[PDB]
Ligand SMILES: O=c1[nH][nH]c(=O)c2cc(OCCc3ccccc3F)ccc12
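The chain that follows stands alone, in the form solved without the named molecule, written as structure tokens.
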């Protein structure tokens, strides 16, 4: 069930694949990033091939596609992180139990940005000791979403009289979304790792 464009892994479960500039795959990610980070320079873009994370994520997507019926449940978003976090995210994905309190909090979960410029802030993509910054391009199952609130440990219910039927994620603003928060494992697949510098 692994995507057929992935490199052969020789029955290995995990692989990072360096992309070539001028390939459509590299160029689409570069254009998405430079739309709002034209003042930074990309060192490299690696495709993340993680069989187990992919499998769990694709099971969740199919469940949300069945439950929501005729919705675009997936967006491509950005996530800046520190170099210390990269090994863990590459193997295990995004753990809400490890998430920082955001400067504007819409709930206790993992935060993903619409614009690379948000994730490019030193507060999220902290420069390592060689001055490299790290940002993931992430498939996120945002599904049906509402404006979040600082107290949330799960998405709120759609209906107060049915407390277990939940929104899929929350946002800062439903009309003009700039960030999404997710509260469950395997709701986000880290697809690419951008390494960049001033």
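Positions refer to the first chain, counted from 1. Note that the rigid core is defined as the largest set of C-alphas that superpose within 1.5 Å between two forms.
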{"item": "63-71 against 129-137 - segment lying farther from this form in 9 other deposited structures of this protein (CA RMS, rigid core fit)", "value": "63-71"}
{"item": "Divergent stretch in 9 other deposited structures of this protein, 85-93 or 103-111 [C-alpha RMS, superposed by the core]", "value": "103-111"}
{"item": "Greater mean Cα temperature factor according to the PDB record, 29-37 or 42-50", "value": "29-37"}
{"item": "61-69 versus 142-150 - greater average Cα B-factor per the deposited record", "value": "61-69"}
{"item": "Top residue by Cα temperature factor, when 172, 55, 130, 169 are compared in the entry", "value": "130"}
{"item": "Where the record places residue 88 (Cα B-factor, split into thirds across the chain)", "value": "middle"}
{"item": "B-factor third for the C-alpha atom of residue 181 within its chain", "value": "lowest"}
{"item": "Third of the chain, ranked by Cα B-factor, where residue 125 sits", "value": "middle"}
{"item": "Ranked C-alpha temperature factor of residue 98 among modelled chain residues, by third", "value": "highest"}
{"item": "Third of the chain's Cα B-factor distribution that residue 19 belongs to, per the entry", "value": "middle"}
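Keep in mind that the form solved in complex with the named molecule is not shown, yet the notes after this line are about it.
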{"item": "The named molecule overlaid from its position in the deposited complex: site open or blocked at 2.4 Å backbone/C-beta", "value": "blocked"}
{"item": "Partner proximity in the deposited complex: residue 80 to the named molecule, non-hydrogen atom cutoff 4.5 Å", "value": "yes"}
{"item": "Partner proximity in the deposited complex: residue 73 to the named molecule, non-hydrogen atom cutoff 4.5 Å", "value": "no"}
{"item": "Partner contact for residue 90 in the deposited complex: the named molecule, 4.5 angstroms, heavy atom", "value": "no"}
{"item": "4.5 angstroms heavy atom contact with the named molecule in the deposited complex for residue 182", "value": "no"}
